[PDB]
């Protein structure tokens, strides 16, 4: 029952995360950038009602907050099915174009897996839930990601923005990967015999024996929870000689 032994480490029981050791992120703009305010494309009531629950949850969680910003990008009504479930998707392309580029340090899955020794056959795969939202944004950079939100009948002031690293921002994957690497540096040092692969929010822990993988997993979950990250108990693959990681099926040491 890994779920009961580590309440804080799982999204299911530890609540929304927040990387407490990471300083709020400051997002540098390119040298010539000036704010861009793109009007919000009219949204149907169906889309608005579909998105509303999500916006309210984020406001309650403090991930979204009201604001007045010279920046504004549009929200899009996205429903994977034909017209089923919705979810807000922000078009941050005009913001991305004005943000200074950073070196892409996230390794491609192929190269990352090359660092997996044949000696480590016991695997544990964890995926961090709402990973980007665990990283705070400095108040100075929050206005950059503002969007409009209203209600034809008693709606918020006007704009809302993110207080955490947002989805759709070009540097989120890299910034998150780099932050988690800093937070897990000690863990690696304290567990020299363990192999830990990180691909943004997807983690692979490899060990030589089931026992080591057990103790190692316990230590990783404890560490992750303490740092403020949250893993999916639902999708978790604990101490298995066969696991699915980054589209690959790890078995017998193949792939």
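Under this definition, the rigid core comprises the largest set of C-alpha atoms superposing within 1.5 Å between the forms. Positions refer to the first chain, counted from 1.
**Q** C-alpha RMS from this form in 9 other deposited structures of this protein, rigid core superposed: larger for 131-139 or 101-109?
**A** With the rigid core fitted, 101-109 is the stretch that strays more in 9 other deposited structures of this protein.
**Q** Going by root mean square C-alpha distance after a core fit, say whether 214-222 or 42-50 is farther from the shown form in 9 other deposited structures of this protein.
**A** Looking at 42-50 and 214-222 in 9 other deposited structures of this protein, the bigger mover is 42-50.
**Q** How about residue 115: is it missing in a third or more of the other compared entries?
**A** In none of the comparable entries (those modelling both sides of it) is residue 115 left without coordinates.
**Q** Is residue 173 left out in a third or more of the other entries?
**A** Residue status for residue 173: no gap in any other entry.
**Q** Between 202-210 and 224-232, name whichever shows the higher mean Cα B factor according to the PDB entry.
**A** Looking at the record's C-alpha B-factors, the answer is 202-210.
**Q** I need to verify one thing: averaged over C-alpha atoms only, is the B-factor higher for 139-147 or for 116-124?
**A** Result: 116-124.
**Q** Kindly indicate the residue among 11, 238, 20, 25 with the greatest C-alpha B-factor in the PDB record.
**A** Reading the PDB entry, the winner on C-alpha B-factor is 238.
**Q** For the C-alpha B-factor as written in the entry, point me to the maximum among 161, 171, 108, 83.
**A** In the PDB entry, the greatest C-alpha B-factor among 161, 171, 108, 83 is found at 83.
**Q** Test of reading the entry: by CA B factor among the chain's modelled residues, which third contains residue 61?
**A** Middle third, going by the recorded CA B-factors of the chain.
**Q** How does residue 35 rank on Cα B-factor within its chain, lowest, middle or highest third?
**A** According to the entry, residue 35 has a C-alpha B-factor in the chain's lowest third.
**Q** Comparing against every modelled residue in the chain, figure out the third that the C-alpha B-factor of residue 43 lands in (lowest, middle or highest).
**A** Middle third of the chain for residue 43's C-alpha B-factor.
**Q** Using the B-factors in the PDB entry, rank residue 129's C-alpha atom against the chain and give the third, lowest, middle or highest.
**A** Answer is middle: the recorded C-alpha B-factor places it there.
**Q** Is the Cα B-factor recorded for residue 103 in the lowest, middle or highest third of its chain?
**A** Middle third of the chain for residue 103's C-alpha B-factor.
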